[PDB]
Every structure is written in C-alpha cells, then in structure tokens.
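File shown: work_8.pdb (PDB, N, CA, C and O atoms and all ligand atoms).
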```
ATOM      1  N   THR V   3      15.964 -18.405 -18.549
ATOM      2  CA  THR V   3      15.617 -17.509 -17.391
ATOM      3  C   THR V   3      14.820 -16.294 -17.905
ATOM      4  O   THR V   3      14.964 -15.890 -19.086
ATOM      5  N   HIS V   4      14.044 -15.678 -17.019
ATOM      6  CA  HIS V   4      13.121 -14.664 -17.477
ATOM      7  C   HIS V   4      13.869 -13.334 -17.740
ATOM      8  O   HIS V   4      14.790 -12.984 -17.019
ATOM      9  N   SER V   5      13.360 -12.630 -18.708
ATOM     10  CA  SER V   5      13.818 -11.245 -18.953
ATOM     11  C   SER V   5      13.321 -10.364 -17.860
ATOM     12  O   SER V   5      12.413 -10.737 -17.097
ATOM     13  N   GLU V   6      13.856  -9.155 -17.738
ATOM     14  CA  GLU V   6      13.336  -8.225 -16.713
ATOM     15  C   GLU V   6      11.898  -7.849 -16.981
ATOM     16  O   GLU V   6      11.127  -7.716 -16.006
ATOM     17  N   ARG V   7      11.524  -7.744 -18.236
ATOM     18  CA  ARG V   7      10.144  -7.471 -18.589
ATOM     19  C   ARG V   7       9.242  -8.614 -18.117
ATOM     20  O   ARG V   7       8.161  -8.379 -17.518
ATOM     21  N   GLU V   8       9.645  -9.833 -18.360
ATOM     22  CA  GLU V   8       8.880 -10.988 -17.896
ATOM     23  C   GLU V   8       8.729 -11.041 -16.395
ATOM     24  O   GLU V   8       7.630 -11.376 -15.925
ATOM     25  N   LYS V   9       9.776 -10.704 -15.658
ATOM     26  CA  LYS V   9       9.688 -10.643 -14.221
ATOM     27  C   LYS V   9       8.646  -9.579 -13.755
ATOM     28  O   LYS V   9       7.910  -9.831 -12.777
ATOM     29  N   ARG V  10       8.660  -8.415 -14.407
ATOM     30  CA  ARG V  10       7.693  -7.378 -14.019
ATOM     31  C   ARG V  10       6.281  -7.854 -14.229
ATOM     32  O   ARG V  10       5.415  -7.699 -13.355
ATOM     33  N   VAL V  11       6.033  -8.428 -15.393
ATOM     34  CA  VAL V  11       4.693  -8.908 -15.704
ATOM     35  C   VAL V  11       4.301 -10.066 -14.733
ATOM     36  O   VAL V  11       3.147 -10.077 -14.257
ATOM     37  N   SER V  12       5.186 -11.007 -14.482
ATOM     38  CA  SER V  12       4.892 -12.126 -13.559
ATOM     39  C   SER V  12       4.571 -11.630 -12.169
ATOM     40  O   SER V  12       3.622 -12.115 -11.525
ATOM     41  N   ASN V  13       5.372 -10.663 -11.664
ATOM     42  CA  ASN V  13       5.105 -10.088 -10.346
ATOM     43  C   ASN V  13       3.709  -9.417 -10.316
ATOM     44  O   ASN V  13       2.947  -9.543  -9.339
ATOM     45  N   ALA V  14       3.350  -8.729 -11.377
ATOM     46  CA  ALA V  14       2.064  -8.081 -11.507
ATOM     47  C   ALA V  14       0.912  -9.076 -11.493
ATOM     48  O   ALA V  14      -0.115  -8.862 -10.860
ATOM     49  N   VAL V  15       1.099 -10.172 -12.222
ATOM     50  CA  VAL V  15       0.080 -11.252 -12.248
ATOM     51  C   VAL V  15      -0.154 -11.796 -10.844
ATOM     52  O   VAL V  15      -1.321 -11.891 -10.442
ATOM     53  N   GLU V  16       0.874 -12.134 -10.082
ATOM     54  CA  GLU V  16       0.722 -12.686  -8.790
ATOM     55  C   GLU V  16       0.034 -11.695  -7.842
ATOM     56  O   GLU V  16      -0.873 -12.047  -7.068
ATOM     57  N   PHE V  17       0.394 -10.411  -7.987
ATOM     58  CA  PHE V  17      -0.314  -9.344  -7.305
ATOM     59  C   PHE V  17      -1.810  -9.261  -7.552
ATOM     60  O   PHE V  17      -2.597  -9.304  -6.603
ATOM     61  N   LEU V  18      -2.206  -9.233  -8.827
ATOM     62  CA  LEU V  18      -3.561  -9.025  -9.242
ATOM     63  C   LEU V  18      -4.430 -10.233  -8.882
ATOM     64  O   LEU V  18      -5.647 -10.040  -8.726
ATOM     65  N   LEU V  19      -3.867 -11.415  -8.662
ATOM     66  CA  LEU V  19      -4.577 -12.592  -8.223
ATOM     67  C   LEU V  19      -4.894 -12.608  -6.713
ATOM     68  O   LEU V  19      -5.778 -13.399  -6.250
ATOM     69  N   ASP V  20      -4.185 -11.841  -5.895
ATOM     70  CA  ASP V  20      -4.469 -11.833  -4.435
ATOM     71  C   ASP V  20      -5.940 -11.410  -4.104
ATOM     72  O   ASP V  20      -6.470 -10.500  -4.718
ATOM     73  N   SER V  21      -6.597 -12.149  -3.182
ATOM     74  CA  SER V  21      -7.992 -11.923  -2.924
ATOM     75  C   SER V  21      -8.337 -10.500  -2.417
ATOM     76  O   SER V  21      -9.332  -9.899  -2.811
ATOM     77  N   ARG V  22      -7.422  -9.928  -1.651
ATOM     78  CA  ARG V  22      -7.598  -8.522  -1.160
ATOM     79  C   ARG V  22      -7.429  -7.525  -2.268
ATOM     80  O   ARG V  22      -8.042  -6.456  -2.367
ATOM     81  N   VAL V  23      -6.442  -7.826  -3.106
ATOM     82  CA  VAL V  23      -6.210  -6.984  -4.272
ATOM     83  C   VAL V  23      -7.379  -6.947  -5.246
ATOM     84  O   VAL V  23      -7.720  -5.968  -5.828
ATOM     85  N   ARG V  24      -7.963  -8.128  -5.489
ATOM     86  CA  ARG V  24      -9.083  -8.226  -6.357
ATOM     87  C   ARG V  24     -10.194  -7.249  -5.931
ATOM     88  O   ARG V  24     -10.901  -6.718  -6.766
ATOM     89  N   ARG V  25     -10.314  -7.001  -4.615
ATOM     90  CA  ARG V  25     -11.323  -6.052  -4.140
ATOM     91  C   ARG V  25     -10.905  -4.569  -4.179
ATOM     92  O   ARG V  25     -11.723  -3.658  -3.863
ATOM     93  N   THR V  26      -9.645  -4.275  -4.490
ATOM     94  CA  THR V  26      -9.145  -2.929  -4.592
ATOM     95  C   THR V  26      -9.514  -2.378  -5.981
ATOM     96  O   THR V  26      -9.396  -3.127  -6.965
ATOM     97  N   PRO V  27      -9.859  -1.092  -6.101
ATOM     98  CA  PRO V  27     -10.212  -0.568  -7.391
ATOM     99  C   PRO V  27      -9.097  -0.665  -8.436
ATOM    100  O   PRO V  27      -7.870  -0.521  -8.150
ATOM    101  N   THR V  28      -9.530  -0.740  -9.702
ATOM    102  CA  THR V  28      -8.555  -0.747 -10.834
ATOM    103  C   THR V  28      -7.588   0.414 -10.814
ATOM    104  O   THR V  28      -6.376   0.208 -10.995
ATOM    105  N   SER V  29      -8.076   1.650 -10.571
ATOM    106  CA  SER V  29      -7.195   2.794 -10.606
ATOM    107  C   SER V  29      -6.062   2.719  -9.647
ATOM    108  O   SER V  29      -4.882   2.915 -10.014
ATOM    109  N   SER V  30      -6.331   2.321  -8.399
ATOM    110  CA  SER V  30      -5.252   2.174  -7.401
ATOM    111  C   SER V  30      -4.221   1.103  -7.811
ATOM    112  O   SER V  30      -3.002   1.300  -7.670
ATOM    113  N   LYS V  31      -4.725   0.020  -8.373
ATOM    114  CA  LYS V  31      -3.813  -1.036  -8.845
ATOM    115  C   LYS V  31      -2.912  -0.640  -9.998
ATOM    116  O   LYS V  31      -1.739  -0.999 -10.024
ATOM    117  N   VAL V  32      -3.462   0.131 -10.911
ATOM    118  CA  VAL V  32      -2.718   0.620 -12.040
ATOM    119  C   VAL V  32      -1.623   1.599 -11.599
ATOM    120  O   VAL V  32      -0.484   1.520 -11.962
ATOM    121  N   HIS V  33      -1.973   2.538 -10.692
ATOM    122  CA  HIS V  33      -0.949   3.430 -10.135
ATOM    123  C   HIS V  33       0.138   2.733  -9.362
ATOM    124  O   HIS V  33       1.323   3.011  -9.521
ATOM    125  N   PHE V  34      -0.268   1.693  -8.624
ATOM    126  CA  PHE V  34       0.674   0.843  -7.930
ATOM    127  C   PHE V  34       1.662   0.172  -8.885
ATOM    128  O   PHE V  34       2.865   0.158  -8.732
ATOM    129  N   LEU V  35       1.111  -0.452  -9.954
ATOM    130  CA  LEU V  35       1.914  -1.140 -10.876
ATOM    131  C   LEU V  35       2.919  -0.210 -11.640
ATOM    132  O   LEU V  35       4.044  -0.582 -11.892
ATOM    133  N   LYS V  36       2.452   0.988 -11.974
ATOM    134  CA  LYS V  36       3.341   1.976 -12.580
ATOM    135  C   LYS V  36       4.479   2.362 -11.599
ATOM    136  O   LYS V  36       5.629   2.416 -11.989
ATOM    137  N   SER V  37       4.139   2.407 -10.326
ATOM    138  CA  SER V  37       5.205   2.684  -9.294
ATOM    139  C   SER V  37       6.264   1.579  -9.208
ATOM    140  O   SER V  37       7.444   1.819  -8.816
ATOM    141  N   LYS V  38       5.898   0.321  -9.540
ATOM    142  CA  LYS V  38       6.866  -0.769  -9.688
ATOM    143  C   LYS V  38       7.603  -0.853 -10.983
ATOM    144  O   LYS V  38       8.292  -1.836 -11.231
ATOM    145  N   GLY V  39       7.437   0.127 -11.902
ATOM    146  CA  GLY V  39       8.161   0.150 -13.071
ATOM    147  C   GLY V  39       7.564  -0.430 -14.296
ATOM    148  O   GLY V  39       8.211  -0.510 -15.303
ATOM    149  N   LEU V  40       6.234  -0.794 -14.207
ATOM    150  CA  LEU V  40       5.580  -1.323 -15.347
ATOM    151  C   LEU V  40       5.111  -0.234 -16.266
ATOM    152  O   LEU V  40       4.584   0.779 -15.845
ATOM    153  N   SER V  41       5.346  -0.445 -17.552
ATOM    154  CA  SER V  41       4.766   0.429 -18.604
ATOM    155  C   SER V  41       3.256   0.212 -18.716
ATOM    156  O   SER V  41       2.724  -0.812 -18.272
ATOM    157  N   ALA V  42       2.541   1.128 -19.383
ATOM    158  CA  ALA V  42       1.076   0.931 -19.586
ATOM    159  C   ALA V  42       0.813  -0.371 -20.303
ATOM    160  O   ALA V  42      -0.121  -1.094 -19.958
ATOM    161  N   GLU V  43       1.648  -0.689 -21.295
ATOM    162  CA  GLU V  43       1.428  -1.935 -22.071
ATOM    163  C   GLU V  43       1.646  -3.164 -21.220
ATOM    164  O   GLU V  43       0.917  -4.170 -21.323
ATOM    165  N   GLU V  44       2.636  -3.122 -20.299
ATOM    166  CA  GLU V  44       2.916  -4.253 -19.455
ATOM    167  C   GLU V  44       1.756  -4.443 -18.449
ATOM    168  O   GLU V  44       1.386  -5.597 -18.096
ATOM    169  N   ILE V  45       1.225  -3.333 -17.954
ATOM    170  CA  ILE V  45       0.089  -3.367 -17.000
ATOM    171  C   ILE V  45      -1.127  -4.007 -17.748
ATOM    172  O   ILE V  45      -1.798  -4.908 -17.200
ATOM    173  N   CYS V  46      -1.337  -3.593 -18.995
ATOM    174  CA  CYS V  46      -2.455  -4.093 -19.803
ATOM    175  C   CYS V  46      -2.266  -5.602 -19.996
ATOM    176  O   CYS V  46      -3.222  -6.381 -19.756
ATOM    177  N   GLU V  47      -1.052  -6.079 -20.264
ATOM    178  CA  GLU V  47      -0.779  -7.487 -20.433
ATOM    179  C   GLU V  47      -1.071  -8.285 -19.163
ATOM    180  O   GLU V  47      -1.669  -9.353 -19.206
ATOM    181  N   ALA V  48      -0.632  -7.792 -18.003
ATOM    182  CA  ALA V  48      -0.923  -8.464 -16.784
ATOM    183  C   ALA V  48      -2.448  -8.620 -16.493
ATOM    184  O   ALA V  48      -2.853  -9.705 -16.050
ATOM    185  N   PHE V  49      -3.213  -7.599 -16.675
ATOM    186  CA  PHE V  49      -4.657  -7.655 -16.505
ATOM    187  C   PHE V  49      -5.273  -8.740 -17.417
ATOM    188  O   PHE V  49      -6.163  -9.461 -16.988
ATOM    189  N   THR V  50      -4.812  -8.844 -18.677
ATOM    190  CA  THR V  50      -5.322  -9.882 -19.571
ATOM    191  C   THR V  50      -4.903 -11.222 -19.117
ATOM    192  O   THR V  50      -5.722 -12.237 -19.168
ATOM    193  N   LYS V  51      -3.685 -11.419 -18.633
ATOM    194  CA  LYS V  51      -3.207 -12.743 -18.215
ATOM    195  C   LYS V  51      -4.004 -13.343 -17.047
ATOM    196  O   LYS V  51      -4.016 -14.560 -16.864
ATOM    197  N   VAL V  52      -4.532 -12.500 -16.183
ATOM    198  CA  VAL V  52      -5.353 -12.950 -15.089
ATOM    199  C   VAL V  52      -6.859 -13.001 -15.426
ATOM    200  O   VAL V  52      -7.699 -13.246 -14.529
ATOM    201  N   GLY V  53      -7.207 -12.758 -16.650
ATOM    202  CA  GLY V  53      -8.618 -12.769 -16.972
ATOM    203  C   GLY V  53      -9.419 -11.667 -16.435
ATOM    204  O   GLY V  53     -10.661 -11.790 -16.300
ATOM    205  N   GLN V  54      -8.814 -10.497 -16.287
ATOM    206  CA  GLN V  54      -9.464  -9.242 -15.900
ATOM    207  C   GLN V  54      -9.107  -8.179 -16.945
ATOM    208  O   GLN V  54      -8.572  -7.120 -16.612
ATOM    209  N   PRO V  55      -9.397  -8.431 -18.234
ATOM    210  CA  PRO V  55      -8.886  -7.558 -19.273
ATOM    211  C   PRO V  55      -9.404  -6.126 -19.158
ATOM    212  O   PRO V  55     -10.564  -5.837 -18.796
ATOM    213  N   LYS V  56      -8.495  -5.192 -19.479
ATOM    214  CA  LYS V  56      -8.748  -3.779 -19.510
ATOM    215  C   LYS V  56      -8.263  -3.285 -20.883
ATOM    216  O   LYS V  56      -7.308  -3.826 -21.432
ATOM    217  N   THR V  57      -8.883  -2.239 -21.408
ATOM    218  CA  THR V  57      -8.306  -1.698 -22.641
ATOM    219  C   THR V  57      -7.036  -0.903 -22.297
ATOM    220  O   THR V  57      -6.895  -0.356 -21.215
ATOM    221  N   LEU V  58      -6.182  -0.752 -23.278
ATOM    222  CA  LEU V  58      -5.030   0.118 -23.103
ATOM    223  C   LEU V  58      -5.440   1.522 -22.889
ATOM    224  O   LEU V  58      -4.838   2.211 -22.119
ATOM    225  N   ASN V  59      -6.511   1.976 -23.594
ATOM    226  CA  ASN V  59      -7.028   3.316 -23.355
ATOM    227  C   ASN V  59      -7.453   3.577 -21.908
ATOM    228  O   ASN V  59      -7.173   4.643 -21.417
ATOM    229  N   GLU V  60      -8.089   2.600 -21.269
ATOM    230  CA  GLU V  60      -8.511   2.714 -19.885
ATOM    231  C   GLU V  60      -7.261   2.927 -19.016
ATOM    232  O   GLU V  60      -7.245   3.767 -18.147
ATOM    233  N   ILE V  61      -6.266   2.074 -19.235
ATOM    234  CA  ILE V  61      -5.029   2.169 -18.383
ATOM    235  C   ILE V  61      -4.369   3.518 -18.611
ATOM    236  O   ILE V  61      -3.933   4.219 -17.677
ATOM    237  N   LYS V  62      -4.248   3.940 -19.852
ATOM    238  CA  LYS V  62      -3.687   5.250 -20.164
ATOM    239  C   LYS V  62      -4.448   6.431 -19.555
ATOM    240  O   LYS V  62      -3.808   7.383 -19.047
ATOM    241  N   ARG V  63      -5.769   6.340 -19.522
ATOM    242  CA  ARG V  63      -6.557   7.389 -18.915
ATOM    243  C   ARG V  63      -6.316   7.501 -17.432
ATOM    244  O   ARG V  63      -6.183   8.615 -16.879
ATOM    245  N   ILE V  64      -6.242   6.341 -16.767
ATOM    246  CA  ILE V  64      -5.856   6.355 -15.339
ATOM    247  C   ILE V  64      -4.546   7.007 -15.107
ATOM    248  O   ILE V  64      -4.392   7.817 -14.143
ATOM    249  N   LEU V  65      -3.541   6.731 -15.928
ATOM    250  CA  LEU V  65      -2.159   7.213 -15.735
ATOM    251  C   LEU V  65      -1.937   8.663 -16.194
ATOM    252  O   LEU V  65      -0.839   9.185 -15.986
ATOM    253  N   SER V  66      -2.929   9.236 -16.859
ATOM    254  CA  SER V  66      -2.799  10.612 -17.406
ATOM    255  C   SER V  66      -3.271  11.586 -16.331
ATOM    256  O   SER V  66      -4.343  11.376 -15.678
TER     257      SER V  66
HETATM  258  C1  LIG D 101      -2.494  -1.156  -4.575
HETATM  259  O1  LIG D 101      -3.073  -2.040  -3.668
HETATM  260  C2  LIG D 101      -2.218  -2.786  -2.899
HETATM  261  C3  LIG D 101      -0.794  -2.749  -2.932
HETATM  262  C4  LIG D 101      -0.086  -3.586  -2.100
HETATM  263  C5  LIG D 101      -0.613  -4.574  -1.265
HETATM  264  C6  LIG D 101       0.285  -5.462  -0.504
HETATM  265  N1  LIG D 101       0.575  -6.837  -1.237
HETATM  266  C7  LIG D 101      -0.550  -7.637  -1.820
HETATM  267  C8  LIG D 101      -0.088  -9.042  -2.283
HETATM  268  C9  LIG D 101       1.120  -8.991  -3.061
HETATM  269  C10 LIG D 101       1.886  -7.860  -3.142
HETATM  270  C11 LIG D 101       2.998  -8.153  -3.984
HETATM  271  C12 LIG D 101       4.013  -7.343  -4.399
HETATM  272  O2  LIG D 101       4.026  -6.113  -4.162
HETATM  273  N2  LIG D 101       5.064  -7.887  -5.188
HETATM  274  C13 LIG D 101       6.157  -7.151  -5.842
HETATM  275  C14 LIG D 101       6.903  -6.184  -4.884
HETATM  276  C15 LIG D 101       8.454  -6.115  -5.150
HETATM  277  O3  LIG D 101       9.087  -7.217  -5.276
HETATM  278  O4  LIG D 101       8.976  -4.961  -5.225
HETATM  279  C16 LIG D 101       5.713  -6.584  -7.135
HETATM  280  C17 LIG D 101       4.355  -6.527  -7.546
HETATM  281  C18 LIG D 101       3.975  -5.999  -8.802
HETATM  282  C19 LIG D 101       4.910  -5.607  -9.696
HETATM  283  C20 LIG D 101       6.257  -5.685  -9.372
HETATM  284  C21 LIG D 101       6.627  -6.185  -8.090
HETATM  285  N3  LIG D 101       2.794  -9.393  -4.464
HETATM  286  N4  LIG D 101       1.691  -9.887  -3.953
HETATM  287  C22 LIG D 101       1.247 -11.234  -4.203
HETATM  288  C23 LIG D 101       2.259 -12.270  -3.768
HETATM  289  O5  LIG D 101       2.230 -12.051  -2.340
HETATM  290  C24 LIG D 101       1.571  -6.643  -2.357
HETATM  291  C25 LIG D 101      -2.031  -4.583  -1.188
HETATM  292  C26 LIG D 101      -2.729  -5.458  -0.361
HETATM  293  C27 LIG D 101      -4.113  -5.499  -0.338
HETATM  294  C28 LIG D 101      -4.906  -4.730  -1.158
HETATM  295  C29 LIG D 101      -4.198  -3.859  -1.951
HETATM  296  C30 LIG D 101      -2.790  -3.733  -2.006
END
```
Here is the file; what I need is its structure written in the form of structure tokens.
Amino acid sequence: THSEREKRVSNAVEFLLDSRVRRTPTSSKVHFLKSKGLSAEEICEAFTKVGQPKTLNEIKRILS
C-alpha cells in the first residue's frame, strides 16, 4: 500500500494531468499543491512524472 508521501505525489499527478489544469499557470498550481501539503521536492517530482519538468529552483522561487 502507498505511503502518505506516495499518495500526495499521486494525487498531484492526477491533478496536473487534467485538461483545465494544464491551462492554468505554473505558479497557481504550485501554490495549490503546497496548500495540499506537498513539499517543494514533492511538487518538483510530480511535475517530472507528468512530463512537465520544472527545476527545484523555479518551484522554490514561486513559494518564496
Ligand atoms: C489551482 O488550479 C486549480 C485547482 C483546483 C481545481 C479543481 N480540480 C481539478 C481536477 C482535479 C482536482 C483534484 C484534486 O484537488 N485532488 C486532491 C484533493 C483532495 O483529495 O484533498 C488533491 C490534489 C493534489 C494534491 C493532493 C490532493 N484532482 N483532480 C484530478 C482528478 O479529478 C481539482 C482546478 C480546476 C481547473 C483549473 C484549475 C484548478
């Protein structure tokens, strides 16, 4: 069964794949994901898993 970390990342992946979401800016999505309890590293992992890679620095800059 999945760890809580795995559940967060999986939920994020399914989110980032939605067609409406894909049209929403990166910054809004990153703030959203942080509101669901994802760390910057977990957010960065989800973006890579869907083939929309972002640097960790980019995600950190949004969250700062
Ligand atoms: C920041 O921009 C937005 C946030 C939310 C929504 C609403 N839903 C879009 C589709 C969607 C959502 C969610 C979602 O919020 N899932 C959970 C919520 C929960 O269980 O608390 C979740 C997502 C990410 C991380 C953790 C949990 N999942 N999916 C895909 C499967 O339907 C949320 C948006 C819809 C259109 C465009 C932008 C959206």
Neighbouring residues of residue 64 (chain V) were defined as those with any atom within 8 Å, considering all atoms listed in the file; residues of the same chain fewer than 4 positions away were excluded. Please report them as a PyMOL selection string. chain V and resi 28-29+32-33+58-60
Near-ligand residues for ligand LIG 101 (chain D), threshold 7 Å, only C-alpha atoms and all ligand atoms, as a list in words: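 My answer, listing the contacting residues, is residues 10, 11, 13, 14, 16, 17, 20, 22, 23, 26, 30, 31, 34, 35 and 38 of chain V.
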Got a sec to tell me which of chain V DSSP assigns to helix (DSSP H, G or I), as a ChimeraX atom specification? /V:6-19,21-24,28-37,42-51,58-65
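Between residue 24 (chain V) and the residues V:54, V:7, V:40, V:63, the shortest atom-to-atom distance, using only C-alpha atoms, involves V:54.
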So which residues are close to (-4.0, -0.6, -21.0), meaning at most 7 Å away in the file's coordinates with all atoms listed in the file counted, and can you show them as a ChimeraX atom specification? /V:42-43,45-47,56-62
Grab all the atoms of region 44-58 of chain V that the file lists, wrap them in a box along x, y and z, add 4 Å per side, and give me centre plus edge lengths in Å (one decimal) as JSON.
```
{"center_x": -3.9, "center_y": -6.2, "center_z": -18.9, "size_x": 21.6, "size_y": 24.8, "size_z": 16.7}
```
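CA of residue 27 (chain V) is positioned 19.2 Å from CA of residue 39 (chain V).
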What is the distance, in Å and to one decimal place, between CA of residue 15 (chain V) and CA of residue 51 (chain V)?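 Computed distance, CA of residue 15 (chain V) to CA of residue 51 (chain V), equals 7.0 Å.
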Work out how far apart CA of residue 25 (chain V) and CA of residue 6 (chain V) are and give it in Å to one decimal.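 Computed distance, CA of residue 25 (chain V) to CA of residue 6 (chain V), equals 27.8 Å.
Nearest to residue 49 (chain V) of all the residues V:18, V:66, V:3, V:8 is V:18, counting only C-alpha atoms.
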